[PDB]
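> Protein chains in written order, with PDB author numbering: chain Aq, 1007 to 1163; chain AQ, 7 to 193, 202 to 483, 493 to 502, 506 to 549; chain AG, 13 to 188, 195 to 371, 375 to 530; chain Ah, 1010 to 1100; chain AA, 321 to 400; chain AZ, 5 to 289, 293 to 538.
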Amino acid sequence: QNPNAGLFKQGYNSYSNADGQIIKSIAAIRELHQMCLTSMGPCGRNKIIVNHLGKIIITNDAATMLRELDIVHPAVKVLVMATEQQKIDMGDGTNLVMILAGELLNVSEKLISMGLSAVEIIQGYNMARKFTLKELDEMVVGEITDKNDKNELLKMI
Amino acid sequence: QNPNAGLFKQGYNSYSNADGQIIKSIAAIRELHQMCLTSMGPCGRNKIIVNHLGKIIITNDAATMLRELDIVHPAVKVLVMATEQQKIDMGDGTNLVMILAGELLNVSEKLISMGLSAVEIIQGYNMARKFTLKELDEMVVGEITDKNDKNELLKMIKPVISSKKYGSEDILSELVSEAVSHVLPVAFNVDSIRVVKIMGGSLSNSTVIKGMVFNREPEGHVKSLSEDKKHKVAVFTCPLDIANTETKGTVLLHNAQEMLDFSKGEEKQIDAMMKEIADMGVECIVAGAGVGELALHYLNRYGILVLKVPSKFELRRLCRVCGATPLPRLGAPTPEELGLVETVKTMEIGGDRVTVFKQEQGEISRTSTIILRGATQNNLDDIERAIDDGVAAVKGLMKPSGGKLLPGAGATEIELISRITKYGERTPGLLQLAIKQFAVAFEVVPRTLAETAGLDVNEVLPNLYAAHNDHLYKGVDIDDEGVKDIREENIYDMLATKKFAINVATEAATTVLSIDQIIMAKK
Amino acid sequence: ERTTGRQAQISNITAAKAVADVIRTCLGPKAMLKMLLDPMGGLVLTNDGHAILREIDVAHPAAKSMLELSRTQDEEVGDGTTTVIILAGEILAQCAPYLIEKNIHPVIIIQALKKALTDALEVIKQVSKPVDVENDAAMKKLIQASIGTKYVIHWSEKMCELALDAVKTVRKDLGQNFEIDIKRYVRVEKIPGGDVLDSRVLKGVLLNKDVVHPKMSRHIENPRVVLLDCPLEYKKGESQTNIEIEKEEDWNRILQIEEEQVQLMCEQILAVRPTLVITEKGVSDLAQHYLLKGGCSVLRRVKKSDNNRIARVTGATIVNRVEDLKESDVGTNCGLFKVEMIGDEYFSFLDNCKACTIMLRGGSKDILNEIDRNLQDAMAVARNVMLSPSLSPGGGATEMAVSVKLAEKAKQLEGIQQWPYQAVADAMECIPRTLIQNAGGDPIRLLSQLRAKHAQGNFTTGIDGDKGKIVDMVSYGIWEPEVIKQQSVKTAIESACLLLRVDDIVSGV
Amino acid sequence: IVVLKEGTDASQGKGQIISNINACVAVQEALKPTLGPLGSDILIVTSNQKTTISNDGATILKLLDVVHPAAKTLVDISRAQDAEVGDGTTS
Amino acid sequence: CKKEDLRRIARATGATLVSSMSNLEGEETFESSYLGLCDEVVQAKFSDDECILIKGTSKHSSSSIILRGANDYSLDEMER
Amino acid sequence: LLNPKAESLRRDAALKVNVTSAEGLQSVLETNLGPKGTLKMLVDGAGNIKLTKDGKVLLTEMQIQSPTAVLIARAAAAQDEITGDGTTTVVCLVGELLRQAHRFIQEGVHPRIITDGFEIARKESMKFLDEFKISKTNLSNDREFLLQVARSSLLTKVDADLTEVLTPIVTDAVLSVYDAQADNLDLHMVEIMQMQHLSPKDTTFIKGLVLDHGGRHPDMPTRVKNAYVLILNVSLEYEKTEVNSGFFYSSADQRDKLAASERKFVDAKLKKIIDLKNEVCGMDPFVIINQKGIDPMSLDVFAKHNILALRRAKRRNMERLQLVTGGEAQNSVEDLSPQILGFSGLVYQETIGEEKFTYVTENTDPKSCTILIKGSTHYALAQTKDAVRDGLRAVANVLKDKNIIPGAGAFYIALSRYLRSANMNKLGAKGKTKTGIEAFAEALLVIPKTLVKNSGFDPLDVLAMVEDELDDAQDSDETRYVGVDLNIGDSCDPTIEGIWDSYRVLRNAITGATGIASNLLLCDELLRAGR
Ligand SMILES: Nc1ncnc2c1ncn2[C@@H]1O[C@H](COP(=O)(O)OP(=O)(O)O)[C@@H](O)[C@H]1O
Ligand SMILES: Nc1ncnc2c1ncn2[C@@H]1O[C@H](COP(=O)(O)OP(=O)(O)O)[C@@H](O)[C@H]1O
Ligand SMILES: Nc1ncnc2c1ncn2[C@@H]1O[C@H](COP(=O)(O)OP(=O)(O)O)[C@@H](O)[C@H]1O
Ligand code: BEF
Ligand code: BEF
Ligand code: BEF
Ligand code: BEF
Ligand code: BEF
Ligand SMILES: [Mg+2]
Ligand SMILES: [Mg+2]
Ligand SMILES: [Mg+2]
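#1: Which residues in the same chain as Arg259(AZ) place their Cβ atom closer than 8 Å to its Cβ, once the five residues preceding and following it in sequence are excluded?
#2: Is the CB-CB distance between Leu412(AG) and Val145(AG) below 8 Å?
#3: Compare the C-beta of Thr208(AZ) against all C-beta atoms of chain AQ and say whether one is closer than 8 Å.
#4: Report the three-state DSSP secondary structure of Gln451(AQ) (helix, strand or coil).
#5: Could you pull out every residue in the same chain whose Cβ sits closer than 6 Å to the Cβ of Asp500(AZ), ignoring the five residues on either side in sequence?
#6: How about the stretch 491–508 of chain AG and the stretch 461–481 of chain AG: do they share at least three Cβ pairs that are nearer than 8 Å?
#7: Does ligand 3 have a heavy atom nearer than 7 Å to the CB of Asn36(AZ)?
#8: Taking 8 Å as the threshold, find out whether the stretch 349–356 of chain AA comes into contact with the stretch 328–338 of chain AA through three or more Cβ pairs.
#9: Answer yes or no: do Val1056(Aq) and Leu1013(Ah) have a C-beta to C-beta separation smaller than 8 Å?
#10: Taking only three categories from DSSP, how would you classify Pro410(AG)?
#11: Which residues in the same chain have their Cβ closer than 7 Å to the Cβ of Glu429(AQ), if we skip the five residues on either side of it in sequence?
#12: Let's test the definition: count the other Cβ atoms within 10 Å of the Cβ of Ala316(AZ) and tell me whether it reaches 16, buried, or not, exposed.
#13: Answer with yes or no whether the minimum CB distance from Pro441(AG) to chain Aq is below 8 Å.
#14: Are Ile401(AQ) and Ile212(AQ) touching if we call contact CB-CB under 8 Å?
#15: Which residues have a Cβ closer than 6 Å to any heavy atom of ligand 6, listed in chain order?
#16: Can you tell me the Cα-Cα spacing of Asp98(AQ) and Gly214(AQ), whole angstroms?
#17: Give, in chain order, every residue of the stretch 1109–1143 of chain Aq whose Cβ lies closer than 8 Å to some Cβ of chain AG.
#18: Can you check whether the CB of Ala272(AZ) is closer than 8 Å to the CB of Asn270(AG)?
#19: When the Cα of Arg135(AQ) is compared with those of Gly438(AQ), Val538(AQ) and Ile256(AQ), which residue comes out closest?
#20: Across the stretch 333–341 of chain AG and the stretch 176–188 of chain AG, are there enough close Cβ pairs to call them in contact, namely three or more that are closer than 8 Å?
#21: Chain AG partners of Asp325(AA), CB-CB under 8 Å?
#22: Looking at the strands, I want to know which residues DSSP matches up with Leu245(AG).
#23: Any idea if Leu313(AQ) is buried or exposed, counting beta-carbon neighbours within 10 angstroms, 16 or more meaning buried?
#24: Does ligand 9 have even one heavy atom less than 7 Å from the beta-carbon of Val166(AQ)?
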């Protein structure tokens, strides 16, 4: 009975944001966030991921779990991407990129609720980010004397 | 890949005329036209139509073929409708309504080709039609003196029987004109000519009785009555037995007396009812209703010939043979209610026993029967179709001056060609086209008669034309040389018929042109 | 199969939140029409919340609970339907974080929400002003208020009229509270065509049933009405009544008796000298005749509901057996008996030139159902006030007041018990916001200003619909029955409290 | 309408840890009889069709296939034991 | 009516559950002999619904509670 | 957001669809609009050919599945169900209305602004009508004016020559039932007997009442010339015991005695009438009709005394006959007076082979005629009736509403222009709401355009002419009605040609189409939930 309009392409699925899409995505992310939120920290736990070719894997690390999973949500693949940057371009901190990137988008909807524009939240976030890198350059307490003295290495690793 | 638009209804099929639909329809009609175009005329052929329930049928007639077929094209059903008008409202001319209605639409596209509007062709056709009825009222040559004189009837029914059953054209029309006179008083009802038929011999043995024949047997030992004039007869709506009570009605018995006595009690009570009527002179009682056991038993003793005839349509046409009157109850058969029968015996026809109900002079009958003998049941049926065709045309010559008549063999038609065209290039404007076409249309009646006669139409047609321009009797020589003369054989289509037809064909053919879009649905 | 943990909780919250999401664009003066397709065939082109959610089957349990909220609310007050859904959601949603993020147990969040509700309800009655339930002008500009946001507004005044002119008509105080059974005593009657204004509130009834016999009165001046249960034809025995006859002329005897009893029956009726006899059951052809010359017009087959409303605008109490037909069962107090033929369809009227019959006219059988429902909302908020002469600051003003008095208190409570309380406050704010949004203005902007102006400068300050600027209610006024603001917040906080009690969901009878 | 894994099971919770324990217990209770001087012995006819009979707990836990992640570690530590030592595998 | 209520509506107005007016060999509901004394019988409404109340009675002592909630889902459980 | 299953066109897609469909339905019915329309021939799933050009016919005769196409259909049927005319116009008006509105929606304007405009325009349209109409004197007996109303609402569905055949037959009928001196009328009192055989041009007007069920008995009156007429309604046939009964004869002929005992109840009530045809004209100067039955034995009794007995009559004929003759609808035979029979002159039963056809010719106080529709086939017999009804309810409307409106789209081309220059110097509207009334205004030009679009002459051009030949008599003052001449391509005076649109139709067409369209435009989501 119900008609259907404006279709001439092929059989896709268009999720217009004017359909509360940003939140549909926050959801998908929210789900994989909880997985990483309990892997970080010494008090973190492991997860046994079982390969799509059938291999057991157990890891505290985040960039690895995500790697071994069959992610599919486009808005999620994006954050799994950032977990790659971290593992390649740093090897460490892979877990913290997730937890924040997600938590950012979490306390992000609170704003979208009020009425804050997308572009407004973006800008404010970058403004707050660049500002956040500054403090870190000075929030810095000690600094290893670059000693590279074997014992000095053990204080870092 | 290809899209599709403007659809929100359900799965139909809309044939917009702006898609050359009028012609798609002319096609469908064109197809069933050829079937009728070879059935008309004495030189017509039959078709064996085999029922959708599986029954064989063979008929020259057109309205019958169409009836027995599973037509489906909306533009065609319309012309099949007109063939119904003709069969109901005239019984004859059913074939000519098709051939014209179609031929009209055929020479109709020639116009649509040029550019002539739908509405323009319609108008021009009606203008040419009304004009065509006028001439027919005056193109009329003779007119039967309404004589109704038996011999005068045979002059009319003979041309109707030929070109339906040509060959026994006279043995037939004679056989019917004789059935009609027996019921026509001295200063009409089609029903008063019931027709029976039975396998055996050929038609040469066909007959005409002054009353109907029945199949069942006389019921009592009363086999068949006597051969001495007059026989008092009593008809009954009620059944011969102790009536009953529509609300239950059970016999009760409190004491043995009731019983012992009830037994023979009703026994004689039946005798009573029987007796008393047998007394009033009756000797033949036709029982439209049931007949009790004891009842017939007593009557058997009173030589009362019985005849169960449940057919309330037969019983009624029966009374109009003897003179009797149907009696709702039982017991008061007034000497007035009774009727007289000359013969009521049992004859074996073709091997099987049947009861008769005729008269040899005294007590005239208003319901005669034509007993047709034949060998092929099939054929024998198409004959009863011809007997109706004639009768229908007779009941039509009645009261309002139906005797009027014009040349058959298409002779009339040829004249009508020129005469309608007279009006053609005489009316100003572009209507002149359609009016002229409407005239060409009338060339089907002649041409086909020749075509069906194996005559080279391209020869008979011009011949019959120049032979029409005092002498507008020249028609198509069914059998030879050029044409022949209508008068040469006392053959002609009466006005009432051929006129009403032209009017029905013009409606049919016109409504088909008024439709400028069609919509169907899944079945 | 099973889903324990926050897993459960979440899906419940999201479910409930989604329910809101659908009709949120139906709350406001510029509210749109959700043309829904019912299974049976036809359609529903209404924007009246409950009438939408009814036409949408849902799956998730919470979404089922959330959906029935709109119903129980549409049963208390006729209005405030969409609002309860939106609030009921935002409450659960605004708890979502402190529910798991701040790991507060469901018991605690419930203990607070139940507390914050009562305080919140105070602030409602606190800002509510009373009203003259009798002042025709106040009632009109009250009913008018809840007629906006609906297709029926282009005749707003005309509507409140038919509203009051019917609320008051079927009303009947009674005291030994006020009883207004709009349902059984205000039978509506939607008739296709004409104009909207061409509709009136006939003080009587309107049946399309014609007259039992041709030569019968088309309209008795002041008719004497007689309403009855029992039919008008030869009755039969409720036992094994079987007759045995062998006594010949006895058939005629019994067959006659039938005519005889129909006679008697006509007598008992004719006795109290009636002009109009309306029975719920049939009317034997014979009985018609004896009631014809008996001098009265007859109406066969009329619904109980149709009949018992007649017996309130004719006084004619309905009576079964006729040999008991009293004369008190008159037909006094009943104007004419018109029988207007409305477009090839005969009707019959019973106006008097306790129960009225609102007769609506519009432009389609379809468009009328819009009106009927719209009207019901009017005629219901009228009834509410009749039974609670208190009103609340419309334009979402009330909703914002409670937002602050609660927000303030919450902030000054201290203890984990604060977060859930705080949320109820943050929640409430969504209504002036949904309004401002469906208006087009900037939510973050207008609210901060509405909220501030509220914080000090009066509390009867809501947002103006077609405008989009914050206005004071008193100013252009749009108060709504205080009762609505009760339920909307009563059950919404309850709903939330129920679903929050769930930590597990299972499937199988 | 969107998804995040394409129909691919994954359990969590406190029960998850308990499932795994019990899972391992099974593979454990399995070898308990093959222990001690008077220890029972097993007869495994793998889907291979090769019939074997032994007590090297390693050899038994190798013929059990075992796919449960958790319970599958008991198969690993049993193999290592038959390496760095050579005996005690059962235990 | 619910016969499980009348049994308790009657012990509560002191009345008598009239099985069939007889006693020895006659016929009567026996004026106030079988009847019950109640303070007031009223049909209170509750939105949508509307039931009867026999509040205040001779020897009733009795009570009866009526839950009101958000919907049937919570309500069934409230009572539950 | 959602739950499995259940689809829903949302946002501007839903509006896109709604307008889409409407525009569509519009184009599909435009063809059968105007006298110069198109005759479609639609056949059902059984092969029942049927011709039409009446929007309603074509509309309720089709299976539509488009939700918007229904709300528009239903509102259009609800129009032929009140004004009985203009079912076609209303579908175009809601169509063209949505197109004109979609243009300003497409540019940005919130629909609520185009709906606001519509209501505003609507009122102004209905005001303008009351100032545009033409109060015609209640004075009937002006058959001349009414015969122009008959032809007006007839050429919209008739074979041209047949218009002239039915134009009177309809008017005389309406009049014949109408009660002069203001009062009222109920068309139900105009029987519309229809019979096959002989084309639909042969149909006739009977001042009396024609029926089917004739005297079913041989020795019956073939034609009761000049006589009384009994309006009967009591069962003149065998009956049964309303309580379970049964006979039990113990004696041989006791049977018989009980046989007649059953029938005797008949004759009891049957005698009370047979002596009435004695007690009146018991010497020749007669016919009973009866709604119920008349068994065999009884038909004899009546046939015996030459009393034409009819049985099973259309029950609404009680009232129709009670006007064609005057006699009371005699329910029971007890209190039956000889001074309450009715009277008719020639009352003859034309038998058409198995078919009986009793007429009630020659009357003194008719007040209830019968339009006998003739016709060779069923398809024509169908359409011819659907033409009479749509043109009879059309004349009787000219009476009810003592006003009339010039046709040829005069009123539309008028209101259209008016609204244009109105708000230009009215401002008695609103802010950006001018859009909506502007649309509504331009919208109205449907009828004039479509009217000629069907004829042929270019809509844009000929309508331009009316716009000129119009203000011509405005820049020269004086009022001159202008319409589109669907024969030439120039304008003309509707009133002079004899072209009229019934007032109540226009009043329920505009208020109607707007009701739908204006409520469609405020739609933003098409649900489809609830298995
Ligand atoms: N004897 C005949 N010779 C020439 N034409 C005849 C003869 N008899 C009948 N016809 C022609 O038969 C034609 C009609 O065809 P027919 O088969 O009789 O169909 P119908 O009579 O049903 O139209 C008439 O035009 C008539 O001229
Ligand atoms: N005229 C208006 N201007 C601003 N707010 C309005 C106006 N009309 C209704 N309201 C507010 O919007 C809500 C009513 O909207 P409505 O769409 O009628 O929802 P419901 O179905 O709950 O009545 C209430 O908060 C009321 O205060
Ligand atoms: N001959 C005519 N010339 C101009 N207008 C006419 C003419 N005859 C009737 N019309 C127009 O016919 C229109 C109605 O179309 P019609 O086909 O009757 O559909 P409906 O009446 O169902 O809307 C009226 O608006 C009227 O103005
Ligand atoms: F998991 Be991280 F890289 F320490
Ligand atoms: F075929 Be026809 F009727 F002579
Ligand atoms: F919009 Be609500 F239901 F009055
Ligand atoms: F089984 Be063990 F290796 F002794
Ligand atoms: F074609 Be409409 F109904 F006059
Ligand atoms: Mg012939
Ligand atoms: Mg409301
Ligand atoms: Mg019309």
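Using N, Cα and C, we set each Cβ at its ideal position, and we do this for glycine too.
Per the coordinate set shown:
#1: Residue numbering aside, residue 259(AZ) sits at position 255 when the sixth sequence is read from its first letter. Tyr253, listed in sequence order.
#2: Within the third sequence, residue 412(AG) is the residue found at index 391, counting from 1. Within the third sequence, residue 145(AG) is the residue found at index 133, counting from 1. Result no, Cβ atoms of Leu412(AG) and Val145(AG) do not sit closer than 8 Å.
#3: As a position in the sixth sequence, residue 208(AZ) is number 204, starting the count at 1. No, no contact with chain AQ.
#4: For the purposes of this step, residue 451(AQ) is identified with residue 437 of the second sequence, where counting begins at 1. The answer is helix: DSSP assigns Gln451(AQ) an H, G or I state.
#5: Reading the sixth sequence from its first residue, position 493 is the one you call residue 500(AZ). Answer for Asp500(AZ): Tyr488, listed in chain order.
#6: yes
#7: Here residue 36(AZ) refers to the residue found at position 32 when the sixth sequence is read from its first residue. True, at least one ligand heavy atom lies under 7 Å from that Cβ.
#8: yes
#9: Along the first sequence, read from residue 1 onward, the residue named residue 1056(Aq) stands at position 50. Along the fourth sequence, read from residue 1 onward, the residue named residue 1013(Ah) stands at position 4. Not in contact: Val1056(Aq) and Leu1013(Ah) (Cβ atoms no closer than 8 Å).
#10: Here residue 410(AG) is taken as the residue at index 389 of the third sequence, counted from 1. Coil.
#11: Here residue 429(AQ) refers to the residue found at position 415 when the second sequence is read from its first residue. Here the set comprises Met145, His482 and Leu495.
#12: Taking the first residue of the sixth sequence as position 1, residue 316(AZ) is located at position 309. It is buried - the Cβ of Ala316(AZ) has at least 16 other Cβ atoms within 10 Å.
#13: By one-based count along the third sequence, residue 441(AG) stands at place 420. Cβ-Cβ to chain Aq under 8 Å: no for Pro441(AG).
#14: Against the second sequence, residue 401(AQ) aligns to sequence position 387. Against the second sequence, residue 212(AQ) aligns to sequence position 198. Taking 8 Å as the Cβ cut-off, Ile401(AQ) and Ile212(AQ) do not qualify as a contacting pair.
#15: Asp60(AG), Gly61(AG), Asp91(AG), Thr93(AG), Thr94(AG), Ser158(AG), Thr161(AG) and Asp398(AG)
#16: Along the second sequence, one-based indexing puts residue 98(AQ) at 92. Along the second sequence, one-based indexing puts residue 214(AQ) at 200. Distance between the alpha carbons of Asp98(AQ) and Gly214(AQ): 29 Å.
#17: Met1120, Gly1121 and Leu1122
#18: Residue 270(AG) sits at position 252 when you count from the first residue of the third sequence. Residue 272(AZ) sits at position 268 when you count from the first residue of the sixth sequence. Their beta carbons are under 8 Å apart, which means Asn270(AG) touches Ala272(AZ) by this criterion.
#19: The count along the second sequence starts at 1 and reaches residue 135(AQ) at position 129. Minimum Cα distance to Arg135(AQ) is reached at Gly438(AQ).
#20: no
#21: Walking along the fifth sequence from the start, residue 325(AA) turns up at place 5. Neighbours of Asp325(AA) on chain AG: none; closest Cβ ~25 Å, over 8 Å.
#22: Taking the first residue of the third sequence as 1, we reach residue 245(AG) at position 227. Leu245(AG) is bridged to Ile296(AG).
#23: On the second sequence, residue 313(AQ) is found 299 positions in, with the first residue counted as 1. So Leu313(AQ) ends up on the buried side.
#24: Looking up residue 166(AQ) in the second sequence gives position 160. Yes, ligand 9 has a heavy atom inside 7 Å of this Cβ.
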